[PDB]
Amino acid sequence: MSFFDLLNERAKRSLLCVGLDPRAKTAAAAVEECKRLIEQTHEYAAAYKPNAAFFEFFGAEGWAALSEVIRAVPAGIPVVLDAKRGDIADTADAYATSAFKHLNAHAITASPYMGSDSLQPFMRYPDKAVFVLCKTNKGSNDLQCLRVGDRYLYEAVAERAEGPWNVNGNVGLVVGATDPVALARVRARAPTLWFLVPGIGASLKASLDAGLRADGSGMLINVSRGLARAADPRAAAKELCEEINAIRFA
């Protein structure tokens, strides 16, 4: 089962991605915190997204904690390591081996800035997925909205992803929820790719109308604070999952 095999099975029930961004002060407490959130939300989760930086923060024990948390994700539910990596050759190979073999995540996020051969070391794993940063925060304007001919830079990234980068059919894009016009533009350039969509908790219907594919799928909607800090995380995930599906059905 590839990442997308697992995701497409989950997508029959949910498009909700649950962020694992522990607020705990120690690695041990972080593990327990994440395990509890998994227990409460897995029935309504399409994926989990552990925060690579939050785990690195704990130092030595942080790695082990991340591995333990990934192990705690029920079989059948894919894990996207939000590590936003980008380098080349042996260095990129080492990041990919760490994420995919050592930590056993099913997917990673990656920067497009160094281009095709910076992305190849991740994308060469046919059973893993690579979500490439496309449209994201206020700094988006700096580079992403620069005009490269008759399109924005973020559109140029989209055209490569739904295009020559997708050798193993395992490329996705990171496309933010807070900009529905941009979301629609990316979907027009890349009509078949899965989007990882953060920032809903920073409009649900607008995002889905702009970003869903023709099949009513293809958006993985990430929520972190709205679930982790909820009075009832299970009920919050259930409600979000159902809200998304109601829109898909209509």
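Quick note: we count residues from 1 along the sequence shown, nothing fancier.
According to the entry, the stretch of the deposited sequence that connects residue 136 to residue 137 contains 1 to 3 residues lacking coordinates, which leaves a short gap in the model. Going from residue 60 to residue 61, the model skips none of the deposited residues; the chain is continuous there. The mean C-alpha temperature factor is higher for 24 to 32 when 24 to 32 and 187 to 195 are set side by side. Averaged over their C-alpha atoms, the temperature factors of 144 to 152 and 121 to 129 are higher for 144 to 152.
The PDB entry gives the largest Cα B-factor of the residues 11, 17, 237, 228 to 228. Residue set 212, 221, 202, 45: peak C-alpha B-factor at 202 (per PDB entry). In the deposited entry, the Cα temperature factor of residue 173 sits in the bottom third of values across the chain's modelled residues. Split the chain's modelled residues into thirds by C-alpha temperature factor. Residue 115 is in the middle one. The deposited CA B-factor of residue 102 belongs to the middle third of values across its chain.
In the deposited entry, the Cα temperature factor of residue 90 sits in the top third of values across the chain's modelled residues.
Among the modelled residues of its chain, residue 75 has a C-alpha B-factor that falls in the highest third, as given in the PDB entry.
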